[PDB]
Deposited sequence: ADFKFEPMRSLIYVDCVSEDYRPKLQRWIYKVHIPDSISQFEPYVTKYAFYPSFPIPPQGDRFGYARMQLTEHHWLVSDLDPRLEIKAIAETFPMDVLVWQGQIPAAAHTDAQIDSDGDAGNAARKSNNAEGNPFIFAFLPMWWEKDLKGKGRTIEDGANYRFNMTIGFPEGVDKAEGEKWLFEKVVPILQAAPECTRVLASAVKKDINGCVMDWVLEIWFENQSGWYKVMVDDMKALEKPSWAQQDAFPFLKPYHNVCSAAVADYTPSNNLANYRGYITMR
């Protein structure tokens, strides 16, 4: 049967829950996960890239801040088509990786965070602030954030709150240079997230001024899961990362094996 042309961009929010796990997590990512991934999808993924997270900002834990990276794929077909489940060579993926990322607890005793994998169209749906910004305008602190309203919250209500209450604070903040948003494609993989936003600042101080201090003006919604914006349960209903404009890890173009420092 036919395969549907379904061009999409996806984002995975990859945390590292202790600095002691960072070397092992990073090794697995770059030594094992890259080649396993390229091996599988080279023919129908046009871009596969990692954007390391900037250092977690103050109060970033409240925004489900991914301490390792954003992982980005651009697909030509849906990875969730059941026909794609069959692979000659499966990826090497031990449960330790889930520990390092905080999806499971480290050691048996006798609180895990979900794997958030959000599919989007390849083009942002809403260009809300900063249209026409070029790279010549300077370095961006790009805060990418995904949010999913809690169970029982009417999605249209949440949408209206986001666009009529939250975004206007971003608009008013001269520190914020760009606001972009897309609806998550929920029909692909059942992701609990509803929106992905990207909100740019000059720097971490700008991010804090706007996302912590200016947001104190919002009323706390009745559905709030924490006392302050984003009012959503960290890592479950909100995830985020701040990233640079450029990554060296444009993996289909730039990977040459796991060469080690002398």
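Absence of C-alpha coordinates is noted for just one segment of the deposited sequence, namely 111 to 130.
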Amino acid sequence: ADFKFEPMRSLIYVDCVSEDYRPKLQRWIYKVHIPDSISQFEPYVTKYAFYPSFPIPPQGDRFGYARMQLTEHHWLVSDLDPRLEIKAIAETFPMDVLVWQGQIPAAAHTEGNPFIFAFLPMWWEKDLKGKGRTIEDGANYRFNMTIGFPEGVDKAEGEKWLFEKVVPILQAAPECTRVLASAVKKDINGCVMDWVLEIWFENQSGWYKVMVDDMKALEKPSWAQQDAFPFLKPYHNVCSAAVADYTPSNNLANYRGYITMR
From here on, numbers count along this sequence of modelled residues.
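Higher mean CA temperature factor, per the PDB entry, when comparing 157 to 165 with 115 to 123: 157 to 165. For the pair 183 to 191 and 71 to 79, the mean Cα B-factor is higher in 183 to 191. The top Cα temperature factor in the record, among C176, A88, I135, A107, falls on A107. The PDB entry assigns its highest CA temperature factor, among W200, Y51, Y30, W223, to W223.
In the PDB entry, a CA B factor belonging to the lowest third of its chain's modelled residues is recorded for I34.
Compared with the other modelled residues of the chain, the Cα B-factor recorded for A241 ranks in the lowest third. Ranked by Cα temperature factor within the chain, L252 sits in the highest third according to the deposited record. For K233, the recorded CA temperature factor ranks within the highest third of the chain's modelled residues. The entry lists a Cα temperature factor for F5 that places it in the middle third of the chain's modelled residues.
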